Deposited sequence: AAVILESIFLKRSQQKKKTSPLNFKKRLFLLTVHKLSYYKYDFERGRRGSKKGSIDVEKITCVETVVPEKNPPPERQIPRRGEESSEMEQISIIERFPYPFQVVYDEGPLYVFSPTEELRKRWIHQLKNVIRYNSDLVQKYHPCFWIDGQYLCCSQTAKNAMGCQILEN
């Protein structure tokens, strides 16, 4: 696999451990045909750091936008550009795979749109793409959209494409 894309995004903790707090971390994301991985970004060194997470491309069932946070904190609100682009991430999309939704934030709409599009392309021949989905965040216990109670609850909404 060669790198399809590469960007720096903010991403919310997946809280796969009961202990994990709910938090956001900046990460460098790489997209190949087989995986969507993310890493610590070594800023000084100007490089990729330690791998923090991964998702097998074929286990993704749904990549979509998400309903924006009610009151983004600065960090996620809407040429200080050079800096704003790696400090402000206000455009969320979601990557849904077996475990649930991975929440990613783009510092821009274009970047965001760019990412979804290659994402779609990559999973296009998957076998479990779902045609139902949640346009919002799962949080504090439930899917803000359908109000359901399980990260893995069926999409309360329709996706055709």
item	value
Sequence ranges absent from the coordinates, based on the deposited chain and numbered from 1	79-86
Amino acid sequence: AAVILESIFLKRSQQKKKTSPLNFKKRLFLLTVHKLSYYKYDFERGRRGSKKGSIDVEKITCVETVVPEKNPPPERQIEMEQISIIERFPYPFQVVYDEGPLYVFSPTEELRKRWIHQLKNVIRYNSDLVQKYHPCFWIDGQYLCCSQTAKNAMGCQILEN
From here on, numbers count along this sequence of modelled residues.
property	result
106-114 versus 126-134 - which carries the larger mean C-alpha B factor in the record	126-134
Stretch exceeding the other in mean C-alpha B-factor - 85-93, 68-76	68-76
Peak C-alpha temperature factor (PDB record), options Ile55, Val33, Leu28, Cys62	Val33
Chain-relative CA temperature factor third for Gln148	highest
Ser13, C-alpha B-factor rank within chain (lowest, middle or highest third)	lowest
